[PDB]
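First, one chain by itself in structure tokens, the form deposited in one PDB entry.
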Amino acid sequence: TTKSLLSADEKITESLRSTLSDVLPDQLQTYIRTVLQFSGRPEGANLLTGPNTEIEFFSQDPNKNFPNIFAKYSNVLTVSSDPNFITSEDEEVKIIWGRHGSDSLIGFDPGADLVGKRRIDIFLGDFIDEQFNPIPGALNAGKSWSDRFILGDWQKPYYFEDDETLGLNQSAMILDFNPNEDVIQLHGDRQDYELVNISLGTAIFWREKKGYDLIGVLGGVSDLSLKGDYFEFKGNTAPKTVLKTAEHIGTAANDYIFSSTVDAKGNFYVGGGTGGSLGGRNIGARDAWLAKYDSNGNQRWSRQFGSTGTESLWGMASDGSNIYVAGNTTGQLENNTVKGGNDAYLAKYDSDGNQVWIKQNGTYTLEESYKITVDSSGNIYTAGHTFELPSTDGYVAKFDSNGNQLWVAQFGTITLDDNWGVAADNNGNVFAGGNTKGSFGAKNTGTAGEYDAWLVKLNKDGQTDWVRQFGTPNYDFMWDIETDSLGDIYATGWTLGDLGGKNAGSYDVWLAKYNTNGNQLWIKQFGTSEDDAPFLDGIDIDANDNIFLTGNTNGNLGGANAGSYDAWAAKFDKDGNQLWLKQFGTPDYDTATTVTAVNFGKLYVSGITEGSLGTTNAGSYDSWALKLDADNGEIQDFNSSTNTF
């Protein structure tokens, strides 16, 4: 069996070498080989057989530049504790990079058709910016977080070919697993696995009577045990259902709500991304989707659209009757226009679920867009960022109801500026907000380029009225903004510092208010000793100027934690007094992603879960929508109405 262990090392080495060298671009192979060579890790370097190729950043062809090449083969997540909210089965090899925070990393979609496909997901739990940045004395120097690498769920092991081979065509490769801190999540129980010592570290094999299948390789770690607390086993039964009052949305694939809205008749909409056939037949990898509910909880229609590439619905807004939707695509959604491979889109749906038009910005420059708003006059605003040194800059774009572009405003600093907010006032003006490593509206007090929050006010012509910036010396991260009926601008985010008050521990939530003239009115901060943050579409403001916030916590923020991260929602008045704070979820990972206030004192909070929220989990990530009473945060049945029982 010594001979069998030697044969496994050869077959794994030759299989990974073949796939990584065929798929990864030569610029990426060259960088990775240099890091491994410099660290004297030849076993890793010798997996990459492409020629040494110069790394380029200043080509006139964006497609020849390292960031654009890297973008195709990566999911680069945020400074937050992130679920992989950008996962999609669109490449054979993908780098999944958590960066700071306690990330819940998945790359595989167990509901996708991957029979016979090569799949390697390369996981970096941390590999925080400070590890690459040579400047000394950063606040977050040496910091690491507990990352969870998801290699199976209650339904099935991931990367499983279930055949007569060692199952080398599909595998995870985890590069920075720390058994003192991180977790590897597996299907089944410890009797279903064998650990094998290989040249690269540890091989995790699925083992049954019929044979062996490689599930993952743990780079640079040896002599682990399946009895370790760093392995979490999910068994083979769906989790018990909680919150049967929720609307449940799920397929066997990874399904996400990322946004919601309401129209002038009280119809409630949700939308996001899916790796499955949720609102229609899957077109390939992740698709965008949206669904309409009447004011009584009844689904009217669902729609799914996209490409063989990756797209999501990240924002939606209504003019009262139509539903405008925005997000990102790696495909070509508008047949009149070229595809850049990483492009913003805007589409218009009518109340009957017809796609009236779609507009795509087909340029080769990397573009992301997570935010949309509609004004009184029915004009549409989107916001996002575009990536002569390499860097993101913010933009706002204004359109008419026929999808004609009225103007585009681009702005920012010499360094990273990301957009996480757009909101119109009732007065022809539009606000944007986001994160910057630089000094955009103030000198950034961060000594190693830690993020601050920024806000811009633009007028009806896209000219800048003002820029503001606020922050601590540590990372502060904005997720979302909204206007009230007076035209004041509110932003929400997390901080690792003392922004509105003394940090309670780890990530805390903040809520900032500026007046229309750029004066900061107040910043509130709240949290537990644990990780608390709003997320994605995390603020809304009703007709009465009540502020609603939503996101996730792994503490006891609104009540006892059910397990992992839970969702939370809060109500504030326009002077920043907290009126209520509710927490809800499953024993498994949950987060809210969006909040929509409606009328008759009801509110919808929607999000994602790895558990059974509303009904039995259909596979991996599922989504949910909860109807709350706006007076006290009490959960109502989604289908509750005054005319039914």
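In this text, rigid core is short for the largest set of C-alphas that superpose within 1.5 Å between two forms. In case it trips you up, residue 1 is the first one in the sequence shown, and so on.
Beyond what is shown, the protein has a form deposited in another entry; the following relates to that form.
Taking 2 Å as the criterion, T616 does not count as shifted between this form and the one not shown: its C-alpha moves by less than this amount when the rigid core is aligned. Put the two forms on the same core and the Cα of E334 is off by 2 Å or more between this form and the one not shown. If you fit the rigid core between this form and the one not shown, you'll see the Cα of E43 move by 2 angstroms or more.
The distance between the CA atoms of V35 and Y475 is at least 3 Å shorter in the other entry than in the form shown here.
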